[PDB]
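One line per chain: the protein sequences are A, A' and A'', in this order. A prime marks a further copy of an entry chain. According to the entry's author numbering, the first sequence is numbered sequentially starting from 1. According to the entry's author numbering, the second sequence is numbered sequentially starting from 1. According to the entry's author numbering, the third sequence is numbered sequentially starting from 1. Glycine included, every Cβ here is placed at the ideal spot set by N, Cα and C.
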Amino acid sequence: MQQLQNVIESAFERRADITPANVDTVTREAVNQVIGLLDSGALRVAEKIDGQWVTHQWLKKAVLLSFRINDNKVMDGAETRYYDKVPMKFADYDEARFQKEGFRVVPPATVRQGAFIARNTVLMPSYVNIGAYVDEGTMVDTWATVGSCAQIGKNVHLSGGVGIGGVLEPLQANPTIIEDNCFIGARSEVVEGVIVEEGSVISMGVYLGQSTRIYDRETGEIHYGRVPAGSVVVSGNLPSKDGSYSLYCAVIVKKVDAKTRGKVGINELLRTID
Amino acid sequence: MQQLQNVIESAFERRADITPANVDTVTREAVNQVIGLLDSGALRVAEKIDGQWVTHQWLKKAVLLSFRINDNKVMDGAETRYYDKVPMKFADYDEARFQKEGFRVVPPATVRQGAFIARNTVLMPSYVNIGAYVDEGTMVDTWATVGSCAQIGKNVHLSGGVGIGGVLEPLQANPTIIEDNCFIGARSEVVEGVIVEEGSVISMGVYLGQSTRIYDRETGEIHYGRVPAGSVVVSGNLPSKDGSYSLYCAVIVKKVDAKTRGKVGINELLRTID
Amino acid sequence: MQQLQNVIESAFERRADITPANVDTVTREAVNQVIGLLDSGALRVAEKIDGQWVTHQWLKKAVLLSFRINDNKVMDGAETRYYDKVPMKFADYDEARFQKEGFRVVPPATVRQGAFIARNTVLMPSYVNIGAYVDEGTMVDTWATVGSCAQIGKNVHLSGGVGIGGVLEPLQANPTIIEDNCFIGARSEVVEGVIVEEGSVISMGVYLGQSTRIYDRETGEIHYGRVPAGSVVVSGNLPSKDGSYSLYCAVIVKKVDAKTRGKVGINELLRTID
Ligand SMILES: CC(C)(COP(=O)(O)OP(=O)(O)OC[C@H]1O[C@@H](n2cnc3c(N)ncnc32)[C@H](O)[C@@H]1OP(=O)(O)O)[C@@H](O)C(=O)NCCC(=O)NCCS
Ligand SMILES: CC(C)(COP(=O)(O)OP(=O)(O)OC[C@H]1O[C@@H](n2cnc3c(N)ncnc32)[C@H](O)[C@@H]1OP(=O)(O)O)[C@@H](O)C(=O)NCCC(=O)NCCS
Ligand SMILES: CC(C)(COP(=O)(O)OP(=O)(O)OC[C@H]1O[C@@H](n2cnc3c(N)ncnc32)[C@H](O)[C@@H]1OP(=O)(O)O)[C@@H](O)C(=O)NCCC(=O)NCCS
Ligand SMILES: N[C@@H](CCCC(=O)C(=O)O)C(=O)O
Ligand SMILES: N[C@@H](CCCC(=O)C(=O)O)C(=O)O
Ligand SMILES: N[C@@H](CCCC(=O)C(=O)O)C(=O)O
């Protein structure tokens, strides 16, 4: 949408000098419009086109600017109080709306406005930050986090305490992406724009960033930045040249098979009852 | 209780076709009765008999069915709202009740109805899921999670960010069990029905599942599925056959001694003041 | 303050026999006074003097005694209820106060009374326990925890799911300290009085306690208890004598450089807008 993109790209250049007081109504209204569209899933920060994920840098820009244009407001918790500038997505939902949108939200799961949550998902107590997109069938297990602008595929299981990297701080070029049908094991973390290709199974306590060596013991091939579709990855180490010590790495031990599927399947009984 | 077990086992077979609308009052009432009993500690999903933990599969079945028989309801948070089908355990407690039950609940710790919490425990902000049982004296530290149906012994310390596996998704045969007097170090995870025997000390960042090799450096013995009573376990790796790389494992480095006890003791000053 | 320190040190000796009922008004009032001072930053549990961090053991004592002198009270959550004896820091703040104190508090972040939060910090949903001190510019990312009495420097970034050890349980001699300008990578844990010196970068999934070997591959020097200023630390292992297995350790791989700074910088656009 040019009328919106234009204003966004002009404002971004003046980011440092914009404040909630000096911002003109045009930039304010535009940024706000863009956040509502992300919130509804009409727009998304990254999308797959021709077998490639592309990032719309200007939607990322809008997310950033929202922090320069909005002022903080006291939010009343019950026993306590908060002071922040991004509204809560569900603050205004009624049963009819929850009923139509079709996902389950377990207290105290919290989602910021500007994040899209699809039908048939289950959010256990967890956090979904602004700009993120969580597709159909996915479960975000306890204390997991979906970082700003992150893209999560359909039928994905993000285990307890798992973290998917954001793009706000530290600042990142690209969002982190988890394709369809992946299983991410407990306490693992995927950051810095790494792409976990569809049907992959990441074991527990695996840490993937751009500097992480993803070693394929079968081919000897070492990857960086992505997990090839259908891999089973676990933690390991690679020895130094003198064998004096070893350093952490992720190892692709095999391709997903029946034995693997037996341990990571989604439970449909917990999904939306049509 | 046969009158209840019977109905449960009949219904479970039709699990996929049961919905909150078509379920008959008999199955509804039964499942509900069983959840109240788990909630009060009168029944428990697994129990130790003759030096063996046994799982009552039908109590697990009842837990599962509760998700087929109950409908979602809007739950009013303060700044936000939730939409789920399992009530909050403490929603109706008054001071007299908390005073009688004798445990401490630190905001925003949350527990689902159907989980048993014993006297003299302390829940820092954490999550205890349906069907779980948390025995006397235990502390569940910050952002720890006690998964569905998990069994936690007396005087156990579950450190910050620790996860004890559930049985709902992925679906599991048996609950995860932590016997009396264990210490589980920060950020560790214990899943898939592994049993951590009494008096064991699990260090930080240790990940135990059924596939994890638990290597005893002293005997060369490799365990699977359980941590022998009184072990001190830490993270390590075992080399591949070509020494080309190494893969994660848990190592039993020694048996708990005075030096160990010095670092993992429970603080009675924080327990219930009789 | 002698008038306060005296009462504190006398009472501490009788800790086990003090209860909320038998405690005399003098000890009660004193302990309470000391907690208010910690809350405001007028006093702090540890402080750096002459290039050395010193711990005021008696302020730690006061923190402990607060648990012997105060009784539990029901705290009304919205959907649920809690029962604890430490008030919520922000329960009484209004917009004017939040506006003057100058930090951002993202729901559902929670802080206990007795912890100091400085200007220009951002608390994503996280936990800050009693006695802690969080200095200017710092961000406490999602599900991170600042343990009791811990000291966090200025401009520090505590990543998602990071844990900084407390001193209450297990009981510790000294608080854990993170000096200015450090970056602590996701899911890492720093405990047992370890000191991370200024400008250091701790990677993801690094676990540091007093028993952790911090190996400097360049010098062959092995540290214990502290991370030398300006280090980049990552997870690794050191081989056993027979090469039969290896055990976890932290490795200092290099000194912070431009390439490192490129990945761990603070985003000023998210800080307080003056
Ligand atoms: C990866 C996983 C799914 C097992 O898959 P699997 O297909 O059964 O893997 P296998 O048991 O066949 O092992 C295949 C190889 O990988 C290794 N391996 C598998 N999982 C491993 C793990 N977690 N740690 C170390 N090694 C592991 C085996 O040692 C084996 O190596 P080898 O061929 O050299 O001997 C399992 O380890 C896992 O990650 N489970 C997830 C638990 C979880 O997070 N639950 C959520 C709770 S909220
Ligand atoms: C295990 C632990 C308790 C130390 O116990 P300990 O009995 O003092 O162990 P020691 O220091 O004697 O070490 C014994 C052996 O295990 C090793 N070791 C112990 N803890 C280790 C750890 N965390 N990482 C790596 N190695 C460890 C030592 O290297 C030593 O190996 P060696 O005999 O080959 O040289 C400690 O490491 C730990 O896990 N503390 C828990 C911290 C925590 O989670 N706190 C909660 C904050 S919420
Ligand atoms: C440490 C880090 C910042 C990279 O710093 P860097 O200066 O770019 O490090 P480099 O890529 O130059 O690597 C230097 C050495 O350390 C290694 N290394 C760096 N980070 C590593 C990691 N996470 N795991 C394993 N090895 C790592 C490299 O293998 C290399 O070893 P070599 O010299 O023997 O080949 C990055 O790994 C990291 O920790 N990012 C933090 C992500 C995070 O938690 N984000 C927050 C999300 S909430
Ligand atoms: N590492 C997180 C930081 C989020 C910070 C944030 O959302 C805020 O300041 O409100 C992210 O990049 O998503
Ligand atoms: N891994 C968790 C998943 C819990 C899901 C749940 O409780 C729900 O759908 O409400 C568990 O098996 O306990
Ligand atoms: N490991 C934590 C334990 C905190 C316990 C606590 O604060 C309480 O009992 O209220 C700490 O030592 O800070």
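Reduced DSSP category for residue i - H, G, I as helix; E, B as strand; rest coil
i	result
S10(A')	helix
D76(A)	strand
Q151(A')	strand
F103(A'')	coil
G137(A'')	coil
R97(A)	helix
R261(A'')	helix
DSSP beta-bridge partners of residue i
i	result
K255(A)	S231(A)
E189(A')	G163(A') and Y207(A')
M88(A')	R112(A')
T121(A)	Answer by DSSP bridge pairing: none, since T121(A) is not bridged.
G236(A)	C249(A) and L247(A')
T145(A)	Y127(A) and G163(A)
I202(A)	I184(A) and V233(A)
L168(A')	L171(A')
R271(A)	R271(A) is not bridged to any residue.
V196(A')	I178(A') and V227(A')
8 Å Cβ cutoff met for residue i and residue j
i	j	result
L38(A')	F116(A')	yes
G114(A'')	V63(A'')	yes
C149(A'')	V134(A'')	no
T19(A)	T142(A'')	no
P107(A')	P125(A')	yes
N267(A')	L65(A'')	no
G36(A'')	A186(A')	no
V251(A')	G230(A')	no
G161(A'')	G161(A)	yes
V253(A')	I202(A')	no
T80(A')	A91(A)	yes
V227(A)	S200(A)	yes
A30(A')	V7(A')	yes
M139(A'')	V128(A'')	no
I177(A')	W53(A')	yes
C182(A)	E169(A)	no
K89(A'')	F12(A'')	no
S246(A')	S211(A)	no
Residue burial classification, residue i (beta-carbon count within 10 angstroms, cutoff 16)
i	result
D84(A'')	buried
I49(A')	exposed
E179(A)	buried
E192(A)	buried
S159(A'')	buried
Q151(A'')	buried
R68(A)	buried
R14(A)	exposed
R119(A'')	exposed
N22(A)	exposed
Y224(A'')	exposed
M1(A')	exposed
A42(A'')	exposed
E189(A)	buried
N174(A)	buried
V206(A'')	buried
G209(A'')	buried
Ligand 8 heavy atom lying under 7 Å from the CB of residue i
i	result
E192(A')	Looking for ligand 8 in the displayed structure turns up nothing; the ligands present are ligand 1, ligand 2, ligand 3, ligand 4, ligand 5 and ligand 6.
Which runs of the alpha helix (DSSP H) fall wholly inside the region 14–75 of chain A and span at least 4 residues, in chain order?
25–40 and 57–69
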